[PDB]
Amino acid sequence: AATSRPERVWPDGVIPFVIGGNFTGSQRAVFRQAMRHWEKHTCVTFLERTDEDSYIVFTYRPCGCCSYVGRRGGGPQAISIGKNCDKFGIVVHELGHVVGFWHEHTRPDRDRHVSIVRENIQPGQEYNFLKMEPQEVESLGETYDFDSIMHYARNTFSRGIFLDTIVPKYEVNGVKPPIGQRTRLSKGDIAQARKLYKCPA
């Protein structure tokens, strides 16, 4: 689920960054590797911020709200990295938001691909499962990507770990497709990022 709005797309795919204070050297290196991981497979580029007006700030802060999708413009935008959301794959997910990706399970067509088990959602967190409105999103021809780094796990915001909130609707290669990986960018994440930033083939 890529943003459909041209203004949230970072010009030339160049995203300047600041790493804020209070992080360990170790944590700082993981941020660098996460940005690099985006660069290895796409034409998106992360540059140390010199005098750019719009840029991202890795901010030492409790995990949660909110990661702006794409380029907000007219100033810095913060990425909240705390104790429990500082691992490489989580950072790659957050940088997914930064480059212009919503959560995959909120695609306007998601109901053809997953069931949402409402009764299992933590009360007050159901808004996290609302479909994006169709004007806000573009698929760019990409199929629903169960493997996306932007896809929720089976039990995200569940009342308990053994209760599913998201259940894929069909089998892929004889098997119910696994969801919620935070290891690397999927084939789909790369293909969709390349399309959104018009990366040379």
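Just so we're on the same page, rigid core means the largest C-alpha set that superposes within 1.5 Å between forms. Counting begins at 1, following the sequence as shown.
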request  = Quick one: core-superposed, which stretch strays further from the shown model in 7 other deposited structures of this protein, 120-128 or 85-93? Go by RMS C-alpha distance.
outcome  = 120-128
task = Just give me the stretch that moves more in 7 other deposited structures of this protein: 144-152 or 157-165, judged by RMS C-alpha distance after a core fit.
result = 157-165
query = Which has the higher mean CA temperature factor in the PDB entry, 52-60 or 28-36?
reply = 52-60
task = Return whichever of 10-18 and 186-194 has the greater mean Cα B factor according to the PDB record.
result = 10-18
note = The residue of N173, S67, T165, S148 with the maximal C-alpha B-factor according to the PDB record is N173
task = Comparing against every modelled residue in the chain, figure out the third that the C-alpha B-factor of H41 lands in (lowest, middle or highest).
result = highest
query = Taking the entry's C-alpha B-factors for this chain, is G89 in the lowest, middle or highest third?
reply = lowest
note = Chain thirds by Cα B factor, record data; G73 belongs to the highest
